[PDB]
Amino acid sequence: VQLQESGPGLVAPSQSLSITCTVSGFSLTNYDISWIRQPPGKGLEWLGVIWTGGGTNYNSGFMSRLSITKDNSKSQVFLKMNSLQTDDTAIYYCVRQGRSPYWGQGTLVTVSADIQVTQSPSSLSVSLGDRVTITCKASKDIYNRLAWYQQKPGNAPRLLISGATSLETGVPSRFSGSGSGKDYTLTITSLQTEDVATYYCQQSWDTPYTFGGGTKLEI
């Protein structure tokens, strides 16, 4: 399974942004594809989704300048965004939106010059061996459609937990998710140095598939 974003690099506001997501190892006839972006010093925000069967849903803040299309025969998804401004500078990711979301590498685009999810705390200064709890409270029931992500600077988010409680293979036993309806918790036991990172939750029950604001964990 691979998703590979190909974008322009630098674009002027006179032009439209066009990014191609080329996928391998699965079919676009079997999965929804979301587009996410992350501004340079900021958290993650969901832009839109193209459904397995063809239609789309866009974030209300972008629905007038965004276009997501796809070609099932070529395993490619296309994002087009117009009326560009400097704050559209971001890393753009395409995401396979299965039960355990599978993310692309992300491509940086530089522009030339609703269920709310409350994540707490925003920052945690802590020590090795400590156990930390991060909470992700949704404004409505989300029926366990809650994923936890770990992000180190310079890298894409890594999926830790999906479906509120399912530990992804390859992620240490020290991580666990819990919760039921509106309130979800990530617990890290025996804090280790390789856990220093920013953590984000994302709900995927109803669009827009909103993220929590992030929790920066420093030792």
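Start at 1 with the first residue shown and count on from there.
Trainee: Can you count the deposited residues that have no coordinates between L128 and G129 and report it as none, 1 to 3, 4 to 9, or 10 or more?
Mentor: In the deposited sequence, nothing is left without coordinates between these two.
Trainee: Mean CA temperature factor from the deposited coordinates, higher in 176 to 184 or in 53 to 61?
Mentor: It is 176 to 184.
Trainee: Averaging CA B factors per stretch from the PDB record, which one is higher: 62 to 70 or 189 to 197?
Mentor: The stretch with the larger mean CA B-factor is 189 to 197.
Trainee: Which has the highest CA B-factor per the PDB entry: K80, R96, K140, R145?
Mentor: Among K80, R96, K140, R145, the highest C-alpha B-factor in the entry belongs to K140.
Trainee: Would you please rank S112 by its C-alpha temperature factor against the other modelled residues of its chain and give the third it falls in: lowest, middle or highest?
Mentor: Its C-alpha B-factor belongs to the highest third of this chain's values.
Trainee: Can you tell me which third, lowest, middle or highest, the CA B-factor of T169 falls into for its chain?
Mentor: It falls in the top third of the chain.
Trainee: Comparing against every modelled residue in the chain, figure out the third that the C-alpha B-factor of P157 lands in (lowest, middle or highest).
Mentor: For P157, the deposited C-alpha B-factor lands in the middle third.
Trainee: Looking at the temperature factor on the CA atom of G106, which third of the chain's modelled residues does it land in?
Mentor: Middle third, going by the recorded CA B-factors of the chain.
Trainee: Please say which third, lowest, middle or highest, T86 falls into when its CA temperature factor is compared across its chain.
Mentor: For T86, the deposited C-alpha B-factor lands in the highest third.
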